[PDB]
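Starting off, we have a lone chain in the form deposited in one PDB entry, written out as structure tokens.
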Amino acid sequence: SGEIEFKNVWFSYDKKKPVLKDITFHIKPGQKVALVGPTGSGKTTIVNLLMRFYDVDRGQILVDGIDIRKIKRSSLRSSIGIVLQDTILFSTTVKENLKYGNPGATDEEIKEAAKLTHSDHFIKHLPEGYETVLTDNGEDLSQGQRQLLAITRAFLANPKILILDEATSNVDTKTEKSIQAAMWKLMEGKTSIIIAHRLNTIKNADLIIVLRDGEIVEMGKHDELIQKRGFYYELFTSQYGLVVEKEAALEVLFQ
């Protein structure tokens, strides 16, 4: 479970000038894949097609050997889990938010998962704990904490495919290490597609897919790509020695 294949995929929203051109790659079950490339390189569109917000104009996409066009839509969506950088939540208790993705779970199973994903602690400090109402869709919580809940939520849902933003950096250091431990736990034994901009996650990915102008221009592990002086090398060194501000991430991979 979690196998993903794009075979000669072409796509355009306009049906005028293509956005994606001959996208071809294969992901083995349980791999961690970094999609890297500047804004508008095709990252978003690849993920939009995998979630089947649109069908491809040419080629095909397979999830575990089956064309996604032939998969029941509710079964495709519930087998894919997304965590964004700026998560939106529902205006109920913390417990109820977590219980999306697994409504049938017991109250203890919720706490176990929240424990396994390092969000239990901050939840307990909320004025009413797991019963705390998250008014205005999580307004009171910090961006990191909302991301924490989404991770625990997705952990409960146990999808076979994860589509992930990197952890937010506009967080306290304690919460960041917390989020990263939580994401590692979430990714365990699952196929993970990461819209990557952190050096560390790009360096440790099982596979890097480098996109430029809607095409794959390099594909492989960091050690392979870094010894040729192509586009990846340019992205990786674009910040080298430059002072500011968030040294962990390549700024050109989201701006």
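When you see a residue number, it is the position in the sequence shown, counting from 1. We call the rigid core whatever largest set of C-alpha positions still superposes within 1.5 Å between the two forms.
Although not depicted, the form deposited in another entry is the subject of the following passage.
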The one residue in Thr44, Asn200, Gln31, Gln60 whose CA moves 2 Å or more between the shown form and the other one on rigid core superposition is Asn200
Large Cα move at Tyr13 between the shown form and the other one, threshold 2 Å, rigid core: no
Classify the change in Cα distance between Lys185 and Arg198 in that other deposited form as closer or farther, relative to the shown form (magnitude of 3 Å or more). farther
